[PDB]
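Peer 1: Could you work out the structure for the sequence below:
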Amino acid sequence: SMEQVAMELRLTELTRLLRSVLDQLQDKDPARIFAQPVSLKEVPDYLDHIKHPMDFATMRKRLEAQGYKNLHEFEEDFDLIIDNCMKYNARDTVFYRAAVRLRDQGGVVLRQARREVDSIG
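Peer 2: Residues are numbered from 1 along each chain as shown. What follows is the structure:
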């Protein structure tokens, strides 16, 4: 149907805008602390602590399969990256601090992305 095509074009354009958002958020992580999944070889207890691991590569796979239907879904996964790190790592650690900085800086980007998603539809 033509309606199904039009919905698919909206999903494609959302995907475009989320790819740009993802690039911008990832730049706020120059140390690359959040680039890849936490290794279960190197942190064998991780899944005892963290039930829903997340990282930028995993988000990028979901994005490229057009697996985010709305901004809320995408923000949920970003929040898991931050929140998981802030639970597993203590306040005095480079990891925790990196997550705080990513959250603070990412907030700016996400605030305007919400306006753009509402605005363009």
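Peer 1: can you give me phi and psi for residue 33?
Peer 2: Main-chain torsions, residue 33, degrees, to the nearest 10: phi -60, psi -30.
Peer 1: residues in contact with the residue lying closest to residue 86 once chain neighbours are set aside?
Peer 2: What sits nearest to residue 86 in space, not counting adjacent residues and going by Cβ to Cβ, 6 or more residues apart in numbering, is residue 99, at 5.2 Å. For the C-beta atoms, the positions are set from N, CA and C on the backbone; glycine is no exception. Residue 99 makes contact with 33, 34, 81, 82, 85, 86, 89, according to Cβ atoms under 8 Å, 6 or more residues apart in numbering.
Peer 1: just residue 70 next, same as before
Peer 2: The contact partners of residue 70, by Cβ under 8 Å, 6+ apart, come to 14, 117.
Peer 1: which residue ranges form the strands in the chain?
Peer 2: For the chain, applying DSSP state E gives no strands.
Peer 1: In space, not sequence, find me the middle residue of it.
Peer 2: Closest to where the C-alpha atoms of the chain average out (Cα atoms, centre = their mean) is residue 78, at 3.0 Å.
Peer 1: Neighbour count and distance to residue 53 added to the contacts of residue 99, as TSV?
Peer 2: Below are the contacts of residue 99 laid out as TSV (neighbours: other Cβ atoms under 10 Å; distance: Cβ to Cβ, whole Å):
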residue	neighbour count	distance to residue 53
33	20	14
34	25	11
81	24	9
82	20	13
85	24	10
86	18	14
89	16	14
